[PDB]
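Participant: The opening residue of the sequence shown carries number 31 in the entry's author numbering; numbering runs sequentially from there.
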Amino acid sequence: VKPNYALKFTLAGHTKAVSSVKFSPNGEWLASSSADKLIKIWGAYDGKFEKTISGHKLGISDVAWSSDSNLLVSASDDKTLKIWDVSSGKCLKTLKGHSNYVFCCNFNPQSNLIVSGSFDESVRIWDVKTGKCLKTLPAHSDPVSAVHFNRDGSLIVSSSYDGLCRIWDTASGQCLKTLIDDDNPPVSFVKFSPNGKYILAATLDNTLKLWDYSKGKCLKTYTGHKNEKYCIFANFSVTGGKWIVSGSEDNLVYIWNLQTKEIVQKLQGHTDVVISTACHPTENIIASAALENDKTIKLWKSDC
Ligand SMILES: O=S(=O)(c1cc(Cl)ccc1Cl)n1cnc2ccccc21
């Protein structure tokens with residue numbers, strides 16, 4: 031009925047705000063990115079620092095794993111993305127083509143493509159093997175805050191400070207849907223649900239919304255947290271009870287019951303905005319990360 035997340039480890043090492051945290055699909059690792067221009071790798075179960083991956087010339091806003099846990103992609107203010115071999119630390123490719131800061135990135139399920147979004151208002155699709163830009167979508171009229179592929183890679187969802195979420199056909203680049211509710215606040219995050227039927231979207235009016243994108247209908251809203259300024263990730267927690275997890279500008283992690291929408295737990299400990307959360311793929315473990323006055327990542331574990 032309610033989880034019991036408790037703090038287990040605090041991970042120190044980044045020298046500026048953390049920007050994103052992600053667990054590897056195989057459960058072994060946590061990757062973090064930061065405004066300090068670095069990616070760090072940590073053990074997912076013990077929080078033990080593994081190594082630093084460097085090469086970007088300016089801060090990093092996002093990092094994402096390939097589905098086989100072998101590669102990372104990062105998005106930077108240096109206007110590039112980089113594809114990294116995690117085991118060796120090597121930069122395999124630098125993806126150049128955005129005309130402004132790159133803010134968000136993800137691999138497709140087959141990890142043969144990368145999608146990126148930028149302050150240049152575009153969504154781009156890149157070939158992983160060659161590192162070349164395949165398609166540029168004139169997607170939005172303001173910076174693109176998130177991009178994510180659906181379960182089979184046939185669709186991309188993007189979100190933007192223009193107030194819209196858009197769904198794109200990967201193969202053709204056509205805009206298939208635009209989603210917006212009754213107000214127009216910036217959309218700061220979007221992702222498809224694990225089963226691919228829904229989209230979870232955050233807006234800078236203190237609201238998370240679950241959409242049936244096929245029907246174009248908002249089915250659930252999650253409120254009670256504070257999110258008026260920063261692009262804060264949100265997650266589906268799948269391993270125990272069915273929860274929604276998000277950071278907050280009041281320095282807490284919020285956890286809601288997906289079905290009932292009630293808050294079930296708040297996690298206290300960070301000393302600045304919780305900008306990013308991630309949920310472990312097999313264990314009831316949450317990672318949270320905070321902005322410049324805190325600079326740490328925390329690992330929390332629950333029995334359900
Ligand atoms: O499949 S889901 O995306 C999902 C969400 C979470 Cl938190 C954990 C696991 C899964 Cl599988 N999903 C979307 N709506 C749902 C309603 C009931 C059960 C699952 C639902």
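Here a beta-carbon is modelled for each residue, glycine too, at the ideal position from N, C-alpha and C.
1. Name the one or two DSSP bridge partners that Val-283 has.
2. Examine ligand 1 and report whether any of its heavy atoms sits within less than 7 Å of the Cβ of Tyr-228.
3. Give the C-beta separation of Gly-147 and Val-187 to the nearest angstrom, bearing in mind that I take them to be a contact with Cβ-Cβ under 8 Å.
4. Going by DSSP, name the residue or residues bridged to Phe-179.
5. Residue range of the beta strand (DSSP E) that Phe-263 falls in?
6. Near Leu-102, what residues of its chain come up, given a Cβ to Cβ distance below 8 Å and the 5 sequence neighbours on each side ignored?
7. Taking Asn-136 as the reference, which of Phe-179, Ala-264 and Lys-109 has the closest Cα?
8. Is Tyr-228 helix, strand or coil by DSSP?
9. Name the residue from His-44, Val-268, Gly-73 and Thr-45 whose alpha carbon lies nearest to the alpha carbon of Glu-58.
10. Could you check whether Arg-181 and residue 362 sit closer than 8 Å to each other, using their CB atoms as the reference points?
11. Is any non-hydrogen atom of ligand 1 found closer than 7 Å to the C-beta of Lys-221, if you look at the structure I gave you?
12. Any heavy atom of ligand 1 within a distance shorter than 7 Å of the CB on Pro-173?
13. Please report the Cβ distance between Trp-273 and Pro-33, rounded to the nearest whole angstrom; I am assuming they are in contact, meaning their Cβ atoms lie under 8 Å.
14. Give the C-beta separation of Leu-185 and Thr-200 to the nearest angstrom, bearing in mind that I take them to be a contact with Cβ-Cβ under 8 Å.
15. Assign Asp-333 to one of three DSSP states: helix, strand, or coil.
16. Among the residues of its own chain, which have a CB less than 8 Å from the CB of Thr-301, if the five just before and after it don't count?
17. Would you say the beta carbon of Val-268 comes nearer than 7 Å to a heavy atom of ligand 1?
18. With DSSP collapsed to three states, give me the class of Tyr-252.
19. Starting from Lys-126 and walking both ways along the beta strand (DSSP E), at which residues does that stretch end?
20. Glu-292 and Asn-257 - do their beta-carbons sit closer together than 8 Å?
21. How big is the Cα-Cα spacing for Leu-249 and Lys-239?
22. Here's the rule I'm using: 16 or more other beta-carbon atoms within 10 Å means buried, otherwise exposed. How should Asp-192 be labelled?
23. Nearest CA to the CA of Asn-265: which residue from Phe-149, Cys-309, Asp-242 and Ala-176?
Facilitator: This is what the structure holds:
1. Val-283 pairs with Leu-297.
2. Yes, the Cβ of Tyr-228 comes within 7 Å of a heavy atom of ligand 1.
3. The Cβ separation is near 10 Å, so there is no contact.
4. For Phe-179, the pairing in a beta bridge is given by DSSP as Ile-186.
5. Counting along the chain, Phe-263 sits inside no beta strand (DSSP E), nor does DSSP assign it H or E at all.
6. Cβ contact annotation for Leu-102 (same chain, cutoff 8 Å, sequence separation greater than five): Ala-61, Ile-69, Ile-83, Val-93, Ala-94, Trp-95, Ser-96, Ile-113, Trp-114 and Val-116, in chain order.
7. Residue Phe-179 is the option with its Cα nearest to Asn-136.
8. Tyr-228 carries a strand assignment under DSSP once its states are collapsed to helix, strand and coil.
9. The candidate whose alpha carbon is nearest that of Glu-58 is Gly-73.
10. The displayed coordinates of the chain run from 31 to 334. Any statement about residue 362 would go beyond what the structure contains.
11. Not one heavy atom of ligand 1 sits closer than 7 Å to the Cβ of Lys-221.
12. Answer for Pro-173: no, Cβ out of range of ligand 1.
13. 7 Å between Cβ atoms; contact.
14. Contact between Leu-185 and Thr-200 holds: CB atoms are separated by about 6 Å, below the 8 Å threshold.
15. In the structure shown, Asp-333 sits in coil (DSSP, three-state: anything other than H, G, I, E or B).
16. Correct list, in chain order: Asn-281, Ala-320, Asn-323 and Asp-324.
17. Between ligand 1 and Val-268, a heavy atom-to-CB distance of less than 7 Å is present.
18. It is a strand residue.
19. Boundaries of the beta strand (DSSP E) around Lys-126: 121-126.
20. The beta carbons of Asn-257 and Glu-292 sit no closer together than 8 Å.
21. Cα to Cα, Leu-249 sits roughly 8 Å from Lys-239.
22. Buried, by the Cβ-count rule.
23. Ranking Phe-149, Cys-309, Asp-242 and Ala-176 by CA distance to the CA of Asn-265 puts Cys-309 first.
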